[PDB]
Structure formats: C-alpha cells, structure tokens
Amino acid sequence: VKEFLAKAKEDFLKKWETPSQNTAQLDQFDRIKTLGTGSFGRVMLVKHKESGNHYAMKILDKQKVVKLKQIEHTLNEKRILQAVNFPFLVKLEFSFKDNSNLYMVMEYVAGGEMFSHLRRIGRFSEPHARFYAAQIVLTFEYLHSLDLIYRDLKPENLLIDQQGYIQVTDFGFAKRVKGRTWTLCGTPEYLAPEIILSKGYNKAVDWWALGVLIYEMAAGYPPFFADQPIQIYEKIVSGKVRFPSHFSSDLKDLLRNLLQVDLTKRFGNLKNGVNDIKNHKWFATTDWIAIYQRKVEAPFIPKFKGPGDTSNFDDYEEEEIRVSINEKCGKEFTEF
C-alpha cells in the first residue's frame, strides 16, 4: 500500500499544481433531465453530441456562489476532483464555465443513490453493508494520504455503478489541509461532535461519518435522528448510541470505536491509523485487495435498461439554464 500511495501522491500533486481547465463547452451537450438539485444549482443527465456518451453535469451559479461566500469551497471541489484518481471516486470528464455558470461534467452513474435503495429496501444485511463500507475505508485511506478531508459522507452522495460498486460524488466540501480546519459544514446526521462544538477538527471527522454510514446502512436509520438539526446535534454531542437487536457483537464493537467522541480513542485516528479498522473482526471476511480490484461479488446490481436511463433517480422540477450576455464574477473564478 505504502508503495501505491506514494505513486498516487505524485500523480495527484502534478494535477493539483497544474489543474486542467476549459476542456469543453455548453453547446457540446444536450441536456436531458435533472438528477438532483442543490443550493447553487443542479446536476443534469446530458448526452455529449460528438461521442453520444451520457454524463452528469453539475451546474453552479457564479453570482450565487459569490454572494453566499462559497467561492473557496467551489474552487476546492473542482481543483480536487480533477486531480484525484481511485476506483470508487466518480471521474470528472470535462469542466468549463460561461458568463453565468460553472460546469463539472462527471461520468454518469446510472444505478442511482445508495440512499434510494437503502430507503426502499429498508436496511442492508451486514455482509451487504460491509461490502460498501470496505470501499469507503479504502477511499478515505487514499484521500487522507493526500491531505484531503472529504466532509460529506452520506448515502445521497454514494452512487451504485453497473457493477454494483460505489462511486463517490459531491466533493463540495473536500479540502486539502495539513492539520486542523474549522468550517461548520457537512450534513446534520453525519457531523462529528468536534465539528458541532466549533473546536477545530481533522480527518477524524470522516471516520466518525463512516461510523454513522455503517450504522445507517445496517439499521435502516441513523444513530442520531430527529425532526430538527438542532435536536440532532444535542444527541450527537451527548454521545449515547443505541444499537438495534439484530446488530452483531462485532458490528457494535466497531461502531463504538468509530462513533467515539474521544479523539484519542477514535479508530482511524490512532497510531495504527486505518489498520485498526481494516483489521477489526467485523472486516475479517473482507479481502481488501479483491475489493480494490473490483473482483468481489457485488451483493446487488441495479437494473438498468440502456444508457440514459434515469429510472433509478427521483424526478425533479426542470428549469431553463440561463446564460447572461454579460460575464459574471470573472475574477473570482479565474482558476476554474
């Protein structure tokens, strides 16, 4: 692994230092349907004219981003996404901008969000949850080795590809930092107590989030839930966690070490780092190399009928892409 990570780092640094820009333009794509909406725009299924390939186009409104002080995060998102390379990370195919918007064209993951499958099915069996978890563990090991913190782990950001494997999307809060950071960002149910407490935090928050993810996948509901975020935060900081009766002893033990408020005890943040997790009894049957190579038997393969199929995604209200005749926020997004 150390050998692999060292090379991955070199590759990453080259792109981080000299990012690619303007690798396509708007008229090269026919917009089909919205796959999801966000605070600064939306993600749409699109078809690239010349190739006929389908992609997911994330659209960001510049003025909006600037008004809401999210410039740095947006720049982080694209700079990082274009530089990473891993089997479980969605690939950024093209990127460009125009008078009004920023565009990030990713490979299209037709299988839909893990979220929809999870809610529909109710909960995943342990081996099924474990299959997904192993993938996130290897992804975090990779990202962390590059001084990157993901910051938004949740089923809604995890897509299932045609092989039944995970493709992580939404690097909106990804950031390259050595040491601690302070931004209050993420998704309520997945926030680690140190984030909520405004005390400064590090990569350890991704490991706590993994804990929440594993718990949600296996239980069918989050360990800390309520009607309002504020109520959720109180539960998270209290630390009290209760496990469903069906949880194995191993799962509960792993979870108690991930959903650990004490930073000196949280798995993934100790002397042995990721190895404390990889070597845990819950992952005993996990063949890490096989997982990385995508050779393990996927527990579930989404039904897909032809490219361009969006049957695995909910429907959203369509809207017209507006492109002003005047350039908006040009200086702010020069590097994009």
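Between two forms, the rigid core is defined as the largest C-alpha subset superposing within 1.5 Å. Note that residue numbering begins at 1 and tracks the sequence as displayed.
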Relative to this form, superposed by the core, which stretch has the greater CA RMS in 5 other deposited structures of this protein: 74-82 or 194-202?
-> 74-82
Of the stretches 258-266 and 89-97, which sits farther from where it is here in 5 other deposited structures of this protein, on average over its Cα atoms, after fitting the core?
-> 89-97
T310 not built in a third or more of the other entries = yes
Mean C-alpha B-factor higher for 302-310, or for 57-65?
-> 302-310
When the C-alpha temperature factors are averaged for each of 154-162 and 257-265, which stretch ends up with the higher value in the entry?
-> 257-265
When the CA B-factors of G239, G211, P244, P188 are compared as recorded in the entry, which is the largest?
-> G239
Report the option among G179, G122, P222, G112 whose CA atom has the maximum B-factor in the deposited record.
-> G179
Assert third(CA B-factor, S116) within chain per record equals lowest
Ranked C-alpha temperature factor of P193 among modelled chain residues, by third | lowest
Entry-reported Cα temperature factor of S100, expressed as the chain third it lands in = middle
Considering only modelled residues of the same chain, in which third does the CA B-factor of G172 rank: lowest, middle or highest?
-> lowest
Sorting the chain's CA B-factors, does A290 end up in the lowest, middle or highest third?
-> middle
